[PDB]
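Okay, structure first, notes after.
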Amino acid sequence: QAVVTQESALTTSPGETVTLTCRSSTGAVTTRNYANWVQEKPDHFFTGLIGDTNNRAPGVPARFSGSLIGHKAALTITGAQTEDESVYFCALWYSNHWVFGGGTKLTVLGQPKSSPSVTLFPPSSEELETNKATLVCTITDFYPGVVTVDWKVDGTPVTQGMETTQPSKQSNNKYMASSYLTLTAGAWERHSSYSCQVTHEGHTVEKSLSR
Amino acid sequence: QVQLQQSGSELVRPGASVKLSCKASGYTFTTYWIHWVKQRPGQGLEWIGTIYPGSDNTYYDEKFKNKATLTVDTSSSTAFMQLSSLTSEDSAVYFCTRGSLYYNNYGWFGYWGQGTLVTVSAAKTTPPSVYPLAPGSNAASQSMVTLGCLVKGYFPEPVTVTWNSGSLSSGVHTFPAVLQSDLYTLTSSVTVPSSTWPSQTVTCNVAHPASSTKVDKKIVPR
Ligand SMILES: CCCCCCCCCC(=O)CC(=O)N[C@H]1CCNC1=O
């Protein structure tokens, strides 16, 4: 029940440095949290990188370095390479358990940033005819491939009934995502404002449909 | 030459239990800890618990105190995880990984299985119900137009969608299925120019293997 916190996403470009932090809800990080760090590469291949705060694991490149700066564990990649686009989770020990951060996706820029093409869809009547309704939000052609997608019905936000696929690559190496809001045939007809909001690089693009 | 082997998938029914295995080789089993980790898609890693095959020590994390039970098998050098009263929420990929040498925290999460995808459902082979996705009276006087098909409530994975059987192939986008109350759902869109629709009919073709079914849906204006 600590909450270890990492930067959600981060971008570099090759050659540059970057530091990923990781901090504890419990206050300052101690040497005895034994901060590890673990890379996740596509297709679920994990590799340990750092143990005991700053110990580098056999095989791991000298670029990768582990630190403890004031109250927070860090991981600095110095010679950032395209091999390093990946997801990095720090993990801390609290006397009797390990707890992982939620990870930072690193994106080693390899192409100019593109903003998403959002597209909202109303329920087909045919679906409505089964007592159910589903709105569809299709996000496509964005880079880096990080977005958050929030829904709003009648001005207010929704936090149960939505699902969002994690972004995936498209042949052109940009990204795509989809979001599904579900509600019964009744609910559909009790509201009016339906809104799908997609944020990317701290710019939101929104689509809404009115019934 | 250090290696831990996890069987890829295992499907199991709500309310039941399951026993995961992790077949370690290339090192001295007895002397290194084994950890287990939960990963639901679109979520991070979640630490479950670790075992020291030498003399039965464990630390679990509170939340899985009584979901998960952890066991070794020194002879065959395989590590085991019992899952209890499996629910929808437990559908995750499950990794085991090798930790430290002996009682100490001075090591690493060195080596990782490739995981077991544990998928928890009572679903039976259901075809998809394909519904269209037309815009809209907000009338793009403009170049292009996007339309698509929801492919709802099918199981198991996968289905496969095409548009006019391949005639139209540029600027088609199919998205990942999502697990929705025991059944999968995904969608596909496709972006044509204005004049070409509804001028010329545009249909998506959706094939679902397991049900031996395959449907086409003409996308009609609203
Ligand atoms: C100052 C008291 C320390 C007591 C610690 C006992 C060891 C805990 C068991 C454990 O998690 C060992 C292990 O596998 N550690 C790995 C995990 C990643 N980095 C490690 O060192």
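So you can find residues: chains in the structure tokens are A, B, ... in the order shown, residues in each start at 1, and ligands are numbered from 1 in order.
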### Message
as JSON, numbers by chain, could you give me every residue of chain B near chain A (at most 7 Å apart, counting only C-alpha atoms)?
### Response
{"B": [42, 44, 45, 46, 47, 59, 60, 61, 105, 106, 107, 108, 109, 110, 111, 112, 114, 131, 132, 133, 135, 175, 176, 178]}
Name the residues of region 86-214 of chain B that come out as strand (DSSP E or B) in a backbone DSSP run; write them as a PDB file with N, CA and C atoms, in the first residue's frame.
```pdb
ATOM      1  N   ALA B  92      -5.440 -11.940 -16.438  1.00  0.00           N
ATOM      2  CA  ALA B  92      -4.201 -11.203 -16.574  1.00  0.00           C
ATOM      3  C   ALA B  92      -3.147 -12.121 -17.156  1.00  0.00           C
ATOM      4  N   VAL B  93      -2.031 -11.551 -17.587  1.00  0.00           N
ATOM      5  CA  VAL B  93      -0.852 -12.352 -17.905  1.00  0.00           C
ATOM      6  C   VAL B  93      -0.041 -12.464 -16.625  1.00  0.00           C
ATOM      7  N   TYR B  94       0.502 -13.660 -16.400  1.00  0.00           N
ATOM      8  CA  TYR B  94       1.237 -13.958 -15.185  1.00  0.00           C
ATOM      9  C   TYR B  94       2.675 -14.397 -15.439  1.00  0.00           C
ATOM     10  N   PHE B  95       3.605 -13.614 -14.902  1.00  0.00           N
ATOM     11  CA  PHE B  95       5.033 -13.828 -15.079  1.00  0.00           C
ATOM     12  C   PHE B  95       5.660 -14.339 -13.814  1.00  0.00           C
ATOM     13  N   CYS B  96       6.627 -15.239 -13.943  1.00  0.00           N
ATOM     14  CA  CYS B  96       7.476 -15.586 -12.814  1.00  0.00           C
ATOM     15  C   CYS B  96       8.822 -15.046 -13.214  1.00  0.00           C
ATOM     16  N   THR B  97       9.610 -14.645 -12.232  1.00  0.00           N
ATOM     17  CA  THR B  97      10.952 -14.163 -12.511  1.00  0.00           C
ATOM     18  C   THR B  97      11.892 -14.535 -11.386  1.00  0.00           C
ATOM     19  N   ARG B  98      13.166 -14.665 -11.724  1.00  0.00           N
ATOM     20  CA  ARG B  98      14.202 -15.048 -10.787  1.00  0.00           C
ATOM     21  C   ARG B  98      14.793 -13.831 -10.072  1.00  0.00           C
ATOM     22  N   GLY B  99      14.877 -13.880  -8.748  1.00  0.00           N
ATOM     23  CA  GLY B  99      15.339 -12.728  -7.949  1.00  0.00           C
ATOM     24  C   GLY B  99      16.792 -12.706  -7.478  1.00  0.00           C
ATOM     25  N   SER B 100      16.981 -12.789  -6.173  1.00  0.00           N
ATOM     26  CA  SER B 100      18.304 -12.691  -5.548  1.00  0.00           C
ATOM     27  C   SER B 100      18.988 -14.048  -5.289  1.00  0.00           C
ATOM     28  N   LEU B 101      20.269 -13.976  -4.946  1.00  0.00           N
ATOM     29  CA  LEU B 101      20.956 -15.135  -4.463  1.00  0.00           C
ATOM     30  C   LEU B 101      20.909 -15.054  -2.957  1.00  0.00           C
ATOM     31  N   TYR B 111      15.760 -12.647 -14.751  1.00  0.00           N
ATOM     32  CA  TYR B 111      15.276 -13.395 -15.898  1.00  0.00           C
ATOM     33  C   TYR B 111      13.780 -13.641 -15.734  1.00  0.00           C
ATOM     34  N   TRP B 112      13.053 -13.586 -16.839  1.00  0.00           N
ATOM     35  CA  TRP B 112      11.591 -13.545 -16.796  1.00  0.00           C
ATOM     36  C   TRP B 112      11.055 -14.631 -17.685  1.00  0.00           C
ATOM     37  N   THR B 116       2.061 -16.603 -18.725  1.00  0.00           N
ATOM     38  CA  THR B 116       0.860 -17.365 -19.022  1.00  0.00           C
ATOM     39  C   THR B 116      -0.313 -16.383 -19.048  1.00  0.00           C
ATOM     40  N   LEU B 117      -1.052 -16.382 -20.158  1.00  0.00           N
ATOM     41  CA  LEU B 117      -2.214 -15.521 -20.314  1.00  0.00           C
ATOM     42  C   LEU B 117      -3.394 -16.246 -19.729  1.00  0.00           C
ATOM     43  N   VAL B 118      -3.863 -15.777 -18.579  1.00  0.00           N
ATOM     44  CA  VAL B 118      -4.964 -16.427 -17.905  1.00  0.00           C
ATOM     45  C   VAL B 118      -6.241 -15.659 -18.163  1.00  0.00           C
ATOM     46  N   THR B 119      -7.124 -16.313 -18.891  1.00  0.00           N
ATOM     47  CA  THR B 119      -8.331 -15.694 -19.351  1.00  0.00           C
ATOM     48  C   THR B 119      -9.548 -16.423 -18.725  1.00  0.00           C
ATOM     49  N   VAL B 120     -10.381 -15.643 -18.030  1.00  0.00           N
ATOM     50  CA  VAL B 120     -11.392 -16.172 -17.118  1.00  0.00           C
ATOM     51  C   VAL B 120     -12.745 -15.861 -17.708  1.00  0.00           C
ATOM     52  N   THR B 126     -19.645 -17.946 -29.678  1.00  0.00           N
ATOM     53  CA  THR B 126     -20.665 -17.031 -30.146  1.00  0.00           C
ATOM     54  C   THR B 126     -20.165 -16.329 -31.399  1.00  0.00           C
ATOM     55  N   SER B 129     -21.970 -10.128 -33.708  1.00  0.00           N
ATOM     56  CA  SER B 129     -23.093  -9.376 -34.259  1.00  0.00           C
ATOM     57  C   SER B 129     -22.475  -8.130 -34.811  1.00  0.00           C
ATOM     58  N   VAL B 130     -22.464  -8.023 -36.129  1.00  0.00           N
ATOM     59  CA  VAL B 130     -21.821  -6.897 -36.763  1.00  0.00           C
ATOM     60  C   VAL B 130     -22.878  -5.833 -37.011  1.00  0.00           C
ATOM     61  N   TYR B 131     -22.642  -4.647 -36.445  1.00  0.00           N
ATOM     62  CA  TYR B 131     -23.453  -3.472 -36.692  1.00  0.00           C
ATOM     63  C   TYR B 131     -22.615  -2.431 -37.388  1.00  0.00           C
ATOM     64  N   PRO B 132     -23.235  -1.632 -38.266  1.00  0.00           N
ATOM     65  CA  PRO B 132     -22.505  -0.619 -39.008  1.00  0.00           C
ATOM     66  C   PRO B 132     -22.211   0.627 -38.153  1.00  0.00           C
ATOM     67  N   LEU B 133     -21.368   1.512 -38.668  1.00  0.00           N
ATOM     68  CA  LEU B 133     -21.118   2.780 -38.026  1.00  0.00           C
ATOM     69  C   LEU B 133     -21.093   3.850 -39.093  1.00  0.00           C
ATOM     70  N   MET B 144     -12.944  13.689 -47.513  1.00  0.00           N
ATOM     71  CA  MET B 144     -13.066  12.306 -47.078  1.00  0.00           C
ATOM     72  C   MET B 144     -14.124  12.071 -46.014  1.00  0.00           C
ATOM     73  N   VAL B 145     -14.332  10.797 -45.720  1.00  0.00           N
ATOM     74  CA  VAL B 145     -15.411  10.336 -44.865  1.00  0.00           C
ATOM     75  C   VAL B 145     -15.006   8.990 -44.246  1.00  0.00           C
ATOM     76  N   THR B 146     -15.278   8.803 -42.956  1.00  0.00           N
ATOM     77  CA  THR B 146     -14.930   7.565 -42.275  1.00  0.00           C
ATOM     78  C   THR B 146     -16.184   6.840 -41.861  1.00  0.00           C
ATOM     79  N   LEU B 147     -16.225   5.543 -42.158  1.00  0.00           N
ATOM     80  CA  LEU B 147     -17.293   4.647 -41.685  1.00  0.00           C
ATOM     81  C   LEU B 147     -16.719   3.289 -41.316  1.00  0.00           C
ATOM     82  N   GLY B 148     -17.457   2.532 -40.509  1.00  0.00           N
ATOM     83  CA  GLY B 148     -16.888   1.360 -39.848  1.00  0.00           C
ATOM     84  C   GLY B 148     -17.909   0.362 -39.359  1.00  0.00           C
ATOM     85  N   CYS B 149     -17.440  -0.722 -38.746  1.00  0.00           N
ATOM     86  CA  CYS B 149     -18.330  -1.741 -38.190  1.00  0.00           C
ATOM     87  C   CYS B 149     -17.892  -2.121 -36.812  1.00  0.00           C
ATOM     88  N   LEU B 150     -18.848  -2.109 -35.892  1.00  0.00           N
ATOM     89  CA  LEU B 150     -18.680  -2.730 -34.595  1.00  0.00           C
ATOM     90  C   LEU B 150     -18.835  -4.225 -34.823  1.00  0.00           C
ATOM     91  N   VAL B 151     -17.935  -4.998 -34.245  1.00  0.00           N
ATOM     92  CA  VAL B 151     -18.056  -6.445 -34.278  1.00  0.00           C
ATOM     93  C   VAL B 151     -18.224  -6.901 -32.836  1.00  0.00           C
ATOM     94  N   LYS B 152     -19.472  -7.035 -32.405  1.00  0.00           N
ATOM     95  CA  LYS B 152     -19.752  -7.145 -30.980  1.00  0.00           C
ATOM     96  C   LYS B 152     -20.052  -8.556 -30.553  1.00  0.00           C
ATOM     97  N   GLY B 153     -19.525  -8.912 -29.386  1.00  0.00           N
ATOM     98  CA  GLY B 153     -20.034 -10.034 -28.615  1.00  0.00           C
ATOM     99  C   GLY B 153     -19.740 -11.371 -29.237  1.00  0.00           C
ATOM    100  N   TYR B 154     -18.459 -11.605 -29.518  1.00  0.00           N
ATOM    101  CA  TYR B 154     -18.023 -12.835 -30.169  1.00  0.00           C
ATOM    102  C   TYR B 154     -16.961 -13.449 -29.306  1.00  0.00           C
ATOM    103  N   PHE B 155     -16.826 -14.762 -29.429  1.00  0.00           N
ATOM    104  CA  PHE B 155     -15.879 -15.519 -28.641  1.00  0.00           C
ATOM    105  C   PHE B 155     -15.672 -16.929 -29.197  1.00  0.00           C
ATOM    106  N   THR B 160     -11.803 -11.711 -38.235  1.00  0.00           N
ATOM    107  CA  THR B 160     -11.011 -10.916 -39.162  1.00  0.00           C
ATOM    108  C   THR B 160     -11.929 -10.219 -40.147  1.00  0.00           C
ATOM    109  N   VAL B 161     -11.682  -8.923 -40.301  1.00  0.00           N
ATOM    110  CA  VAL B 161     -12.525  -8.040 -41.072  1.00  0.00           C
ATOM    111  C   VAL B 161     -11.808  -7.605 -42.343  1.00  0.00           C
ATOM    112  N   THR B 162     -12.533  -7.560 -43.448  1.00  0.00           N
ATOM    113  CA  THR B 162     -12.033  -6.896 -44.635  1.00  0.00           C
ATOM    114  C   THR B 162     -13.153  -6.067 -45.259  1.00  0.00           C
ATOM    115  N   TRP B 163     -12.773  -5.151 -46.142  1.00  0.00           N
ATOM    116  CA  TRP B 163     -13.704  -4.208 -46.740  1.00  0.00           C
ATOM    117  C   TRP B 163     -13.786  -4.394 -48.245  1.00  0.00           C
ATOM    118  N   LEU B 168     -11.206  -2.400 -51.400  1.00  0.00           N
ATOM    119  CA  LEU B 168     -10.818  -1.264 -50.569  1.00  0.00           C
ATOM    120  C   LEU B 168      -9.933  -1.788 -49.431  1.00  0.00           C
ATOM    121  N   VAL B 172      -7.655   1.509 -44.220  1.00  0.00           N
ATOM    122  CA  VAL B 172      -8.506   0.693 -43.354  1.00  0.00           C
ATOM    123  C   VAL B 172      -7.810   0.597 -42.004  1.00  0.00           C
ATOM    124  N   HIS B 173      -8.565   0.681 -40.915  1.00  0.00           N
ATOM    125  CA  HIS B 173      -7.999   0.509 -39.591  1.00  0.00           C
ATOM    126  C   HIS B 173      -8.844  -0.465 -38.798  1.00  0.00           C
ATOM    127  N   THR B 174      -8.258  -1.588 -38.385  1.00  0.00           N
ATOM    128  CA  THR B 174      -8.901  -2.481 -37.433  1.00  0.00           C
ATOM    129  C   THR B 174      -8.230  -2.284 -36.104  1.00  0.00           C
ATOM    130  N   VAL B 178     -11.544  -6.077 -27.266  1.00  0.00           N
ATOM    131  CA  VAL B 178     -11.580  -5.824 -25.816  1.00  0.00           C
ATOM    132  C   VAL B 178     -12.553  -6.811 -25.185  1.00  0.00           C
ATOM    133  N   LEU B 179     -12.239  -7.256 -23.976  1.00  0.00           N
ATOM    134  CA  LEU B 179     -13.051  -8.246 -23.320  1.00  0.00           C
ATOM    135  C   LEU B 179     -14.130  -7.530 -22.517  1.00  0.00           C
ATOM    136  N   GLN B 180     -15.379  -7.766 -22.909  1.00  0.00           N
ATOM    137  CA  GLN B 180     -16.555  -7.053 -22.405  1.00  0.00           C
ATOM    138  C   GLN B 180     -17.557  -8.056 -21.864  1.00  0.00           C
ATOM    139  N   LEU B 183     -17.447 -11.570 -23.291  1.00  0.00           N
ATOM    140  CA  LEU B 183     -17.352 -11.588 -24.762  1.00  0.00           C
ATOM    141  C   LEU B 183     -16.491 -10.466 -25.338  1.00  0.00           C
ATOM    142  N   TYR B 184     -15.792 -10.790 -26.424  1.00  0.00           N
ATOM    143  CA  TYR B 184     -14.929  -9.841 -27.095  1.00  0.00           C
ATOM    144  C   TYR B 184     -15.698  -8.970 -28.039  1.00  0.00           C
ATOM    145  N   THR B 185     -15.102  -7.806 -28.267  1.00  0.00           N
ATOM    146  CA  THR B 185     -15.640  -6.776 -29.123  1.00  0.00           C
ATOM    147  C   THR B 185     -14.472  -5.995 -29.680  1.00  0.00           C
ATOM    148  N   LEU B 186     -14.527  -5.704 -30.968  1.00  0.00           N
ATOM    149  CA  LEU B 186     -13.562  -4.832 -31.612  1.00  0.00           C
ATOM    150  C   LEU B 186     -14.277  -4.037 -32.684  1.00  0.00           C
ATOM    151  N   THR B 187     -13.534  -3.198 -33.395  1.00  0.00           N
ATOM    152  CA  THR B 187     -14.100  -2.482 -34.529  1.00  0.00           C
ATOM    153  C   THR B 187     -13.089  -2.230 -35.578  1.00  0.00           C
ATOM    154  N   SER B 188     -13.604  -1.887 -36.755  1.00  0.00           N
ATOM    155  CA  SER B 188     -12.792  -1.465 -37.879  1.00  0.00           C
ATOM    156  C   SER B 188     -13.477  -0.315 -38.607  1.00  0.00           C
ATOM    157  N   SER B 189     -12.653   0.627 -39.053  1.00  0.00           N
ATOM    158  CA  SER B 189     -13.084   1.780 -39.808  1.00  0.00           C
ATOM    159  C   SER B 189     -12.454   1.724 -41.179  1.00  0.00           C
ATOM    160  N   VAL B 190     -12.790   2.695 -42.011  1.00  0.00           N
ATOM    161  CA  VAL B 190     -12.169   2.828 -43.320  1.00  0.00           C
ATOM    162  C   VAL B 190     -12.541   4.178 -43.899  1.00  0.00           C
ATOM    163  N   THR B 191     -11.539   4.858 -44.432  1.00  0.00           N
ATOM    164  CA  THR B 191     -11.694   6.239 -44.797  1.00  0.00           C
ATOM    165  C   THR B 191     -11.594   6.387 -46.309  1.00  0.00           C
ATOM    166  N   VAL B 192     -12.735   6.708 -46.925  1.00  0.00           N
ATOM    167  CA  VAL B 192     -12.851   6.932 -48.366  1.00  0.00           C
ATOM    168  C   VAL B 192     -13.047   8.434 -48.626  1.00  0.00           C
ATOM    169  N   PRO B 193     -13.077   8.858 -49.906  1.00  0.00           N
ATOM    170  CA  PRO B 193     -13.492  10.220 -50.289  1.00  0.00           C
ATOM    171  C   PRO B 193     -15.019  10.421 -50.426  1.00  0.00           C
ATOM    172  N   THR B 203     -19.068  -2.231 -48.102  1.00  0.00           N
ATOM    173  CA  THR B 203     -19.420  -3.288 -47.151  1.00  0.00           C
ATOM    174  C   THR B 203     -18.181  -3.778 -46.429  1.00  0.00           C
ATOM    175  N   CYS B 204     -18.348  -4.128 -45.155  1.00  0.00           N
ATOM    176  CA  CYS B 204     -17.304  -4.848 -44.464  1.00  0.00           C
ATOM    177  C   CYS B 204     -17.694  -6.290 -44.329  1.00  0.00           C
ATOM    178  N   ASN B 205     -16.665  -7.122 -44.458  1.00  0.00           N
ATOM    179  CA  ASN B 205     -16.762  -8.558 -44.426  1.00  0.00           C
ATOM    180  C   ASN B 205     -16.092  -8.993 -43.154  1.00  0.00           C
ATOM    181  N   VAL B 206     -16.819  -9.737 -42.331  1.00  0.00           N
ATOM    182  CA  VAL B 206     -16.316 -10.120 -41.027  1.00  0.00           C
ATOM    183  C   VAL B 206     -16.435 -11.623 -40.868  1.00  0.00           C
ATOM    184  N   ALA B 207     -15.291 -12.298 -40.698  1.00  0.00           N
ATOM    185  CA  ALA B 207     -15.230 -13.751 -40.596  1.00  0.00           C
ATOM    186  C   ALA B 207     -14.852 -14.128 -39.173  1.00  0.00           C
ATOM    187  N   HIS B 208     -15.612 -15.051 -38.590  1.00  0.00           N
ATOM    188  CA  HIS B 208     -15.327 -15.615 -37.270  1.00  0.00           C
ATOM    189  C   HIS B 208     -15.199 -17.153 -37.376  1.00  0.00           C
ATOM    190  N   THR B 213     -18.749 -18.979 -39.021  1.00  0.00           N
ATOM    191  CA  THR B 213     -19.672 -17.997 -39.547  1.00  0.00           C
ATOM    192  C   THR B 213     -18.908 -16.934 -40.324  1.00  0.00           C
ATOM    193  N   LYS B 214     -19.623 -16.215 -41.185  1.00  0.00           N
ATOM    194  CA  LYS B 214     -19.082 -15.047 -41.872  1.00  0.00           C
ATOM    195  C   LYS B 214     -20.198 -14.237 -42.519  1.00  0.00           C
TER     196      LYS B 214
END
```
### Query
Looking at only C-alpha atoms and all ligand atoms, which of A:195, A:30, A:15, A:190 is the one that sits closest to ligand 1?
A:30
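CA of residue 28 (chain B) to CA of residue 66 (chain B) spans 29.2 Å [interatomic distance, one decimal].
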### Task
Using atom 8 (C, counted along the ligand's line) of ligand 1 and CA of residue 5 (chain A) as the two end points, give the distance in Å to one decimal.
21.9 Å
### Query
Nearest to ligand 1: which of A:111, A:6, A:26, A:54 is it, counting only C-alpha atoms and all ligand atoms?
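That would be A:54, the residue with the smallest distance to ligand 1.
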### Residue nearest ligand 1 among A:92, A:185, A:205, A:158 (counting only C-alpha atoms and all ligand atoms)
A:92
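For the atom pair formed by CA of residue 9 (chain A) and atom 9 (C, counted along the ligand's line) of ligand 1, the distance is 29.8 Å, given to one decimal.
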### Which residue of B:104, B:121, B:143, B:181 approaches ligand 1 most closely, using only C-alpha atoms and all ligand atoms
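Using only C-alpha atoms and all ligand atoms, the shortest distance to ligand 1 belongs to B:104.
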#### Entry: Selection: 10 Å around residue 26 (chain B), only C-alpha atoms, excl. self and same-chain fewer than 6 positions, as a ChimeraX atom specification
/B:1-4
Keeping only C-alpha atoms, write the selected residues to a file as a PDB file, in the first residue's frame.
```
ATOM      1  CA  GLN B   1      21.583 -20.497 -20.699  1.00  0.00           C
ATOM      2  CA  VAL B   2      19.383 -19.435 -17.710  1.00  0.00           C
ATOM      3  CA  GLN B   3      15.754 -20.084 -18.548  1.00  0.00           C
ATOM      4  CA  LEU B   4      12.291 -20.289 -16.982  1.00  0.00           C
TER       5      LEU B   4
END
```
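With only C-alpha atoms and all ligand atoms as the atoms that count, the minimum distance from ligand 1 to the choices B:31, B:17, B:9, B:138 is reached by B:31.
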#### Entry: DSSP helix (DSSP H, G or I) selection over region 80-169 of chain B, as a list in words
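Reading the DSSP output for region 80-169 of chain B, helix (DSSP H, G or I) covers residues 88, 89, 90, 164, 165 and 166 of chain B.
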### Query
Contacts of residue 211 (chain A) at 10 Å or less, counting only C-alpha atoms, minus same-chain residues fewer than 6 places along, as a VMD selection string?
chain A and resid 122 188 to 194
### Message
List as a VMD selection string the protein and nucleic acid residues near residue 55 (chain B), meaning an atom at most 10 Å away when only C-alpha atoms are counted, but skip any in the same chain fewer than 4 places from it.
### Response
chain B and resid 30 51 72
### Given only C-alpha atoms as the counted atoms, nearest of A:31, A:39, A:82, A:199 to residue 16 (chain A)
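Closest to residue 16 (chain A) of all the choices is A:82.
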